[PDB]
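# Summary of the model geometry
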Amino acid sequence: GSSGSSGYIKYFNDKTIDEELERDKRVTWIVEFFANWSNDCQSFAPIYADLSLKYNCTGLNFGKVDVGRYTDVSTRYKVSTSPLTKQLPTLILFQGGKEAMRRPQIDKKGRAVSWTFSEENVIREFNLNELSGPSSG
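What counts, and at which threshold
- Position numbers follow the written sequence of each chain, starting from 1, instead of the entry's numbering, which may differ; residues with no coordinates are not represented.
- Heavy atoms from the whole structure form the basis of all side-chain values; hydrogens and water molecules are not counted.
- The classification of residues rests on relative accessible area computed with a 1.4 Å probe and restricted to protein chains. Under 20% of the type maximum is buried, over 50% is exposed, and intermediate values are partly exposed.
- Put simply, DSSP marks the helices as runs of H or I at least four residues long and the strands as runs of E at least two long, and each gets a number from the N terminus on.
- Here, the arc refers to the directions that run from the helix axis to the C-beta atoms.
- Contacts are residue-level and defined by heavy atoms, with any inter-residue pair within 4.5 Å sufficient.
- Should DSSP find at least two bridges between two strands, the strands are regarded as paired.
- Put simply, two rings from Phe, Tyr or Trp (the six-membered ring, in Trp's case) pair if the centres are within 6.5 Å, and we call them stacked under 30 degrees between planes, edge-to-face over 60, tilted for the rest.
- Charges are assigned to positions over rings by a cutoff of 6 Å between ring centre and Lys NZ or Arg CZ, combined with an angular limit of 35 degrees from the ring normal.

The deposited coordinates derive from solution NMR.

What follows deals with helix α1 (residues 16–23). Counting along an α-helix, one turn takes 3.6 residues, and residues three or four places apart therefore face a common direction. Listed in full, the buried residues belonging to α1 are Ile17, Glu20 and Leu21. Projected onto a plane normal to the axis of α1, the buried residues spread over an arc of 95° and lie on a single side. Opposite the packed face of α1, turned more than 90 degrees from it, sit the exposed residues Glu22 and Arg23. At its buried positions, α1 is contacted by β1 (10–11), β2 (29–33) and β4 (90–94).

The subject of this paragraph is the sheet that holds β4. One open sheet accounts for five strands, arranged β1-β3-β2-β4-β5; its pairing is mixed. A single partner strand is all that each edge strand has here, and the edge strands are β1 and β5 (99–103). As judged from the four bridges shared by β2 and strand β3 (residues 61–64), these two strands associate in the parallel manner. For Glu32, the partnering residue across the bridge sits in β3 and is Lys64.

Right, let's talk about the packing of aromatic side chains for a bit. A complete count under the given rule lists eight aromatic pairs for this structure. Ring centres of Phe12 and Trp29 lie 5.0 Å apart, and the angle between their planes is 75°; this geometry places the pair in the edge-to-face category. Of this pair, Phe12 sits in the loop between β1 and α1 while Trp29 sits in strand β2; the two residues are 17 residues apart in sequence, bridging distant segments of the chain. Ring centres 5.0 Å apart and planes at 55° place the aromatic pair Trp115 and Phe117 in the tilted group. Members of the aromatic cluster, joined through ring pairs, are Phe44, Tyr48, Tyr55, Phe62, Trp115 and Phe117. We note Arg103 situated over the ring of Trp115; from NZ or CZ to the ring centre the distance is 5.2 Å.

Have a look at this one:
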């Protein structure tokens, strides 16, 4: 009865990513935009997995959309897919069908601010522990 899940994430297409976020608006959704050629992402591979599983319950959901290949998405989400830029990996918080916040933040000119990528920083910045309530039972 829904027992036996390990490191499982819900992927989204370039088109569905919309319909889905449209039927779960009221519900918060966190999609991680990463590229197949993103090495720095490998270090997060396990990090994200651990996080999701934690906040993987009734209320908050986790997703992943490889932009490195889905040029149709990145372009729509103004997510540069260059090996030089710092828009990969990337995290975006959607609340009620609205981009609550994203990181790293984009400067006025149009450059990704050098932000550290860690669980402590993510949970805090995004305030996950607060979003999907505290961990403590």
